[PDB]
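K.L.:
My structure is in final.pdb, and what it holds is PDB, C-alpha atoms:
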MODEL        1
ATOM      1  CA  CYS A 433      14.253 -32.744 -34.301  1.00  0.00           C
ATOM      2  CA  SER A 434      14.148 -36.584 -34.401  1.00  0.00           C
ATOM      3  CA  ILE A 435      10.561 -37.710 -33.506  1.00  0.00           C
ATOM      4  CA  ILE A 436       7.094 -36.064 -33.895  1.00  0.00           C
ATOM      5  CA  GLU A 437       4.706 -36.938 -31.011  1.00  0.00           C
ATOM      6  CA  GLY A 438       0.919 -36.485 -31.316  1.00  0.00           C
ATOM      7  CA  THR A 439      -0.765 -34.523 -28.477  1.00  0.00           C
ATOM      8  CA  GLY A 440      -4.330 -34.590 -29.914  1.00  0.00           C
ATOM      9  CA  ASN A 441      -5.231 -31.032 -28.801  1.00  0.00           C
ATOM     10  CA  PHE A 442      -7.713 -29.689 -31.407  1.00  0.00           C
ATOM     11  CA  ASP A 443      -7.941 -26.097 -30.025  1.00  0.00           C
ATOM     12  CA  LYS A 444      -4.105 -25.795 -30.214  1.00  0.00           C
ATOM     13  CA  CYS A 445      -4.244 -27.379 -33.740  1.00  0.00           C
ATOM     14  CA  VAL A 446      -6.744 -24.658 -34.913  1.00  0.00           C
ATOM     15  CA  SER A 447      -4.702 -21.715 -33.464  1.00  0.00           C
ATOM     16  CA  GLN A 448      -1.571 -23.081 -35.233  1.00  0.00           C
ATOM     17  CA  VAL A 449      -3.215 -23.648 -38.671  1.00  0.00           C
ATOM     18  CA  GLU A 450      -4.595 -20.061 -38.190  1.00  0.00           C
ATOM     19  CA  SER A 451      -1.149 -18.455 -37.515  1.00  0.00           C
ATOM     20  CA  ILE A 452       0.787 -20.648 -40.030  1.00  0.00           C
ATOM     21  CA  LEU A 453      -1.524 -21.239 -43.059  1.00  0.00           C
ATOM     22  CA  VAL A 454      -4.640 -19.046 -42.691  1.00  0.00           C
ATOM     23  CA  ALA A 455      -3.379 -15.682 -41.286  1.00  0.00           C
ATOM     24  CA  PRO A 456       0.491 -15.538 -41.397  1.00  0.00           C
ATOM     25  CA  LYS A 457       2.770 -12.459 -40.854  1.00  0.00           C
ATOM     26  CA  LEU A 458       3.851 -12.448 -44.549  1.00  0.00           C
ATOM     27  CA  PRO A 459       2.098 -14.160 -47.560  1.00  0.00           C
ATOM     28  CA  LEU A 460       2.968 -17.844 -48.228  1.00  0.00           C
ATOM     29  CA  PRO A 461       5.720 -18.238 -50.927  1.00  0.00           C
ATOM     30  CA  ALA A 462       4.884 -18.029 -54.693  1.00  0.00           C
ATOM     31  CA  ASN A 463       1.568 -16.181 -54.066  1.00  0.00           C
ATOM     32  CA  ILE A 464       2.167 -13.040 -56.200  1.00  0.00           C
ATOM     33  CA  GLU A 465      -0.975 -13.943 -58.256  1.00  0.00           C
ATOM     34  CA  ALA A 466      -3.122 -13.724 -55.070  1.00  0.00           C
ATOM     35  CA  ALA A 467      -1.279 -10.573 -53.820  1.00  0.00           C
ATOM     36  CA  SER A 468      -1.883  -8.820 -57.205  1.00  0.00           C
ATOM     37  CA  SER A 469      -5.685  -9.345 -56.888  1.00  0.00           C
ATOM     38  CA  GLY A 470      -5.431  -7.781 -53.378  1.00  0.00           C
ATOM     39  CA  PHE A 471      -5.186 -10.830 -51.061  1.00  0.00           C
ATOM     40  CA  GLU A 472      -2.014 -11.761 -49.112  1.00  0.00           C
ATOM     41  CA  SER A 473      -3.754 -14.550 -47.114  1.00  0.00           C
ATOM     42  CA  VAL A 474      -7.011 -16.568 -46.564  1.00  0.00           C
ATOM     43  CA  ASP A 475      -8.219 -14.157 -43.793  1.00  0.00           C
ATOM     44  CA  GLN A 476      -7.909 -11.121 -46.145  1.00  0.00           C
ATOM     45  CA  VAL A 477     -10.387 -12.686 -48.677  1.00  0.00           C
ATOM     46  CA  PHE A 478     -13.523 -12.166 -46.513  1.00  0.00           C
ATOM     47  CA  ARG A 479     -12.256  -8.964 -44.797  1.00  0.00           C
ATOM     48  CA  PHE A 480     -12.090  -7.191 -48.199  1.00  0.00           C
ATOM     49  CA  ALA A 481     -14.758  -9.108 -50.225  1.00  0.00           C
ATOM     50  CA  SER A 482     -17.979 -10.747 -48.937  1.00  0.00           C
ATOM     51  CA  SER A 483     -21.070 -12.303 -50.587  1.00  0.00           C
TER
ATOM     52  CA  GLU W 382       3.608  25.415 -46.858  1.00  0.00           C
ATOM     53  CA  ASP W 383       0.233  24.073 -48.209  1.00  0.00           C
ATOM     54  CA  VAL W 384      -0.054  20.340 -47.271  1.00  0.00           C
ATOM     55  CA  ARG W 385      -1.798  19.455 -50.588  1.00  0.00           C
ATOM     56  CA  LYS W 386       0.796  21.476 -52.595  1.00  0.00           C
ATOM     57  CA  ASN W 387       3.560  19.209 -51.129  1.00  0.00           C
ATOM     58  CA  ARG W 388       5.242  16.533 -53.295  1.00  0.00           C
ATOM     59  CA  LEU W 389       5.158  13.859 -50.491  1.00  0.00           C
ATOM     60  CA  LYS W 390       1.358  14.121 -49.784  1.00  0.00           C
ATOM     61  CA  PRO W 391       0.214  11.127 -52.010  1.00  0.00           C
ATOM     62  CA  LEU W 392       3.017   8.888 -50.638  1.00  0.00           C
ATOM     63  CA  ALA W 393       2.321   9.923 -46.971  1.00  0.00           C
ATOM     64  CA  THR W 394      -1.475   9.472 -47.497  1.00  0.00           C
ATOM     65  CA  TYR W 395      -0.880   5.937 -48.943  1.00  0.00           C
ATOM     66  CA  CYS W 396       1.716   5.067 -46.246  1.00  0.00           C
ATOM     67  CA  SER W 397      -0.852   5.279 -43.402  1.00  0.00           C
ATOM     68  CA  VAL W 398      -1.543   2.618 -40.716  1.00  0.00           C
ATOM     69  CA  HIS W 399      -5.297   3.445 -41.148  1.00  0.00           C
ATOM     70  CA  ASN W 400      -5.169   2.409 -44.861  1.00  0.00           C
ATOM     71  CA  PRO W 401      -6.111  -1.348 -45.151  1.00  0.00           C
ATOM     72  CA  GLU W 402      -3.191  -1.788 -47.631  1.00  0.00           C
ATOM     73  CA  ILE W 403      -0.655  -1.119 -44.795  1.00  0.00           C
ATOM     74  CA  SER W 404      -2.445  -2.363 -41.593  1.00  0.00           C
ATOM     75  CA  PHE W 405      -3.107  -5.842 -43.123  1.00  0.00           C
ATOM     76  CA  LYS W 406      -0.063  -6.091 -45.468  1.00  0.00           C
ATOM     77  CA  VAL W 407       3.368  -6.130 -43.668  1.00  0.00           C
ATOM     78  CA  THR W 408       5.245  -6.148 -47.056  1.00  0.00           C
ATOM     79  CA  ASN W 409       3.764  -2.684 -47.888  1.00  0.00           C
ATOM     80  CA  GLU W 410       4.461  -1.347 -44.337  1.00  0.00           C
ATOM     81  CA  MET W 411       8.183  -2.285 -44.685  1.00  0.00           C
ATOM     82  CA  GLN W 412       8.263  -0.589 -48.150  1.00  0.00           C
ATOM     83  CA  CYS W 413       7.080   2.713 -46.530  1.00  0.00           C
ATOM     84  CA  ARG W 414       9.541   2.469 -43.584  1.00  0.00           C
ATOM     85  CA  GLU W 415      12.481   1.941 -46.053  1.00  0.00           C
ATOM     86  CA  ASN W 416      11.574   5.364 -47.563  1.00  0.00           C
ATOM     87  CA  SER W 417      11.714   6.833 -43.956  1.00  0.00           C
ATOM     88  CA  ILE W 418       7.849   7.186 -43.874  1.00  0.00           C
ATOM     89  CA  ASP W 419       6.338   5.978 -40.554  1.00  0.00           C
ATOM     90  CA  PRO W 420       2.669   4.909 -41.174  1.00  0.00           C
ATOM     91  CA  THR W 421       1.917   4.963 -37.389  1.00  0.00           C
ATOM     92  CA  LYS W 422       2.900   8.671 -37.037  1.00  0.00           C
ATOM     93  CA  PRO W 423       0.489  11.513 -38.144  1.00  0.00           C
ATOM     94  CA  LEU W 424       0.436  12.958 -41.730  1.00  0.00           C
ATOM     95  CA  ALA W 425       2.344  16.160 -40.730  1.00  0.00           C
ATOM     96  CA  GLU W 426       5.166  14.034 -39.165  1.00  0.00           C
ATOM     97  CA  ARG W 427       5.249  11.720 -42.264  1.00  0.00           C
ATOM     98  CA  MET W 428       5.975  14.546 -44.799  1.00  0.00           C
ATOM     99  CA  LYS W 429       8.324  16.258 -42.280  1.00  0.00           C
ATOM    100  CA  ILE W 430      12.084  15.926 -42.886  1.00  0.00           C
ATOM    101  CA  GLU W 431      13.170  15.314 -39.231  1.00  0.00           C
ATOM    102  CA  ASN W 432      16.039  17.487 -37.840  1.00  0.00           C
ATOM    103  CA  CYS W 433      16.396  19.473 -41.118  1.00  0.00           C
ATOM    104  CA  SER W 434      15.891  23.225 -41.742  1.00  0.00           C
ATOM    105  CA  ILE W 435      17.778  24.181 -44.989  1.00  0.00           C
ATOM    106  CA  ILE W 436      18.734  22.201 -48.162  1.00  0.00           C
ATOM    107  CA  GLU W 437      22.132  23.283 -49.616  1.00  0.00           C
ATOM    108  CA  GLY W 438      23.161  22.461 -53.203  1.00  0.00           C
ATOM    109  CA  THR W 439      26.594  20.800 -53.633  1.00  0.00           C
ATOM    110  CA  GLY W 440      26.420  20.343 -57.442  1.00  0.00           C
ATOM    111  CA  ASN W 441      28.148  16.917 -57.481  1.00  0.00           C
ATOM    112  CA  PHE W 442      26.675  14.982 -60.460  1.00  0.00           C
ATOM    113  CA  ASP W 443      28.436  11.628 -59.790  1.00  0.00           C
ATOM    114  CA  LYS W 444      27.047  11.671 -56.192  1.00  0.00           C
ATOM    115  CA  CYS W 445      23.591  12.669 -57.608  1.00  0.00           C
ATOM    116  CA  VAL W 446      23.618   9.592 -59.960  1.00  0.00           C
ATOM    117  CA  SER W 447      24.626   7.096 -57.186  1.00  0.00           C
ATOM    118  CA  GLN W 448      21.767   8.446 -54.998  1.00  0.00           C
ATOM    119  CA  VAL W 449      18.973   8.376 -57.669  1.00  0.00           C
ATOM    120  CA  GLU W 450      20.338   4.825 -58.338  1.00  0.00           C
ATOM    121  CA  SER W 451      20.021   3.564 -54.700  1.00  0.00           C
ATOM    122  CA  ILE W 452      16.775   5.511 -53.971  1.00  0.00           C
ATOM    123  CA  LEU W 453      14.632   5.417 -57.174  1.00  0.00           C
ATOM    124  CA  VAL W 454      16.290   3.025 -59.716  1.00  0.00           C
ATOM    125  CA  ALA W 455      17.537   0.054 -57.605  1.00  0.00           C
ATOM    126  CA  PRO W 456      16.176   0.224 -53.979  1.00  0.00           C
ATOM    127  CA  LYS W 457      16.282  -2.563 -51.285  1.00  0.00           C
ATOM    128  CA  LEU W 458      12.475  -3.070 -51.438  1.00  0.00           C
ATOM    129  CA  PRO W 459      10.035  -1.966 -54.243  1.00  0.00           C
ATOM    130  CA  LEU W 460       8.724   1.645 -54.072  1.00  0.00           C
ATOM    131  CA  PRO W 461       5.243   1.854 -52.390  1.00  0.00           C
ATOM    132  CA  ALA W 462       2.014   1.041 -54.349  1.00  0.00           C
ATOM    133  CA  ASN W 463       3.885  -0.969 -57.044  1.00  0.00           C
ATOM    134  CA  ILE W 464       2.002  -4.318 -56.774  1.00  0.00           C
ATOM    135  CA  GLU W 465       1.014  -3.957 -60.492  1.00  0.00           C
ATOM    136  CA  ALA W 466       4.736  -3.881 -61.479  1.00  0.00           C
ATOM    137  CA  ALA W 467       5.645  -6.668 -58.964  1.00  0.00           C
ATOM    138  CA  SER W 468       2.865  -8.929 -60.406  1.00  0.00           C
ATOM    139  CA  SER W 469       4.361  -8.662 -63.935  1.00  0.00           C
ATOM    140  CA  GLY W 470       7.735  -9.695 -62.393  1.00  0.00           C
ATOM    141  CA  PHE W 471       9.494  -6.329 -61.785  1.00  0.00           C
ATOM    142  CA  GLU W 472      10.190  -4.882 -58.300  1.00  0.00           C
ATOM    143  CA  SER W 473      12.323  -1.974 -59.645  1.00  0.00           C
ATOM    144  CA  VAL W 474      13.650  -0.216 -62.833  1.00  0.00           C
ATOM    145  CA  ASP W 475      16.945  -2.228 -62.754  1.00  0.00           C
ATOM    146  CA  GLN W 476      14.980  -5.548 -62.827  1.00  0.00           C
ATOM    147  CA  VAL W 477      13.248  -4.572 -66.156  1.00  0.00           C
ATOM    148  CA  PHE W 478      16.365  -5.044 -68.353  1.00  0.00           C
ATOM    149  CA  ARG W 479      17.909  -7.849 -66.206  1.00  0.00           C
ATOM    150  CA  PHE W 480      14.855 -10.075 -66.910  1.00  0.00           C
ATOM    151  CA  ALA W 481      13.620  -8.696 -70.294  1.00  0.00           C
ATOM    152  CA  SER W 482      15.713  -7.186 -73.120  1.00  0.00           C
ATOM    153  CA  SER W 483      15.018  -6.186 -76.752  1.00  0.00           C
TER
ENDMDL
END
Would you put the structure from the file into structure tokens?
P.N.:
Amino acid sequence: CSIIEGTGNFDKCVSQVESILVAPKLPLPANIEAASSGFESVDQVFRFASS
Amino acid sequence: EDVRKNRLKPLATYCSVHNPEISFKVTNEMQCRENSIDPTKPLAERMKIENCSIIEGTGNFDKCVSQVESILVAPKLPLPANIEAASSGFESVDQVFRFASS
């Protein structure tokens, strides 16, 4: 990769943030503190605990 | 033959795809699969030792040590339901003395 080009597609930007940062396959590195409390990712927070 | 009076029952009940700790957490699913337990398959199939009818004793102690070592003491992934140990910084029994000694 040499250059990053902006496409400005918001719907594709949401779906990517979702799969990469919000709900990934494995938890994001150095998150053992979150995993110990019972949450691997951001999506798991509201699926297990709601208020 | 009693399913409850079987030593695998708590591990096979935990290692279930219907348990939110496996269906949502891939790390825990891989831990179960490493111990041959398939969480997708039914409970009877989970506790079942596939293609095995009789267990024969060979009495080899050195071979018995190397197996307990690779299976229970120092496995590839941590043994299922050990998030409490992993949080303190220990995946397995071998890691205890490699990180902390007294």
K.L.:
Mind listing as an MDAnalysis selection string which residues of chain A are within 12 Å of chain W, counting only C-alpha atoms?
P.N.:
chainID A and resid 455:460 462:477 479:480
K.L.:
Excluding same-chain residues fewer than 2 positions from residue W:416, what lies within 12 Å of it counting all atoms listed in the file, as a list in words?
P.N.:
residues 389, 392, 393, 396, 409, 410, 411, 412, 413, 414, 418, 419, 420, 427, 428, 430, 451, 452, 453, 456, 457, 458, 459, 460 and 461 of chain W
K.L.:
Record the distance separating atom CA of residue W:449 and atom CA of residue W:425, expressed in Å with one decimal.
P.N.:
25.0 Å
K.L.:
I need the residue nearest residue W:429 from this list: W:455, W:395, W:400, W:417. Use only C-alpha atoms for the distance.
P.N.:
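Comparing W:455, W:395, W:400, W:417 against residue W:429, the winner is W:417.
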K.L.:
Between atom CA of residue W:439 and atom CA of residue W:388, what is the spacing in Å?
P.N.:
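Spanning atom CA of residue W:388 to atom CA of residue W:439 is a straight-line distance of 21.8 Å.
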K.L.:
Between atom CA of residue W:383 and atom CA of residue W:434, what is the distance, to one decimal in Å?
P.N.:
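Rounded to one decimal, the two atoms are 17.0 Å apart.
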K.L.:
Just checking: using all atoms listed in the file, which residue out of W:443, W:397, W:482, W:475 ends up closest to residue W:426?
P.N.:
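Closest candidate: W:397.
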K.L.:
Around stretch 462-481 of chain W, fit a box with edges along x, y and z, padding it by 8 Å on each side, then list its centre and edge lengths in Å to one decimal as lines of an AutoDock Vina configuration file.
P.N.:
center_x = 9.5
center_y = -4.5
center_z = -62.3
size_x = 32.9
size_y = 27.1
size_z = 31.9
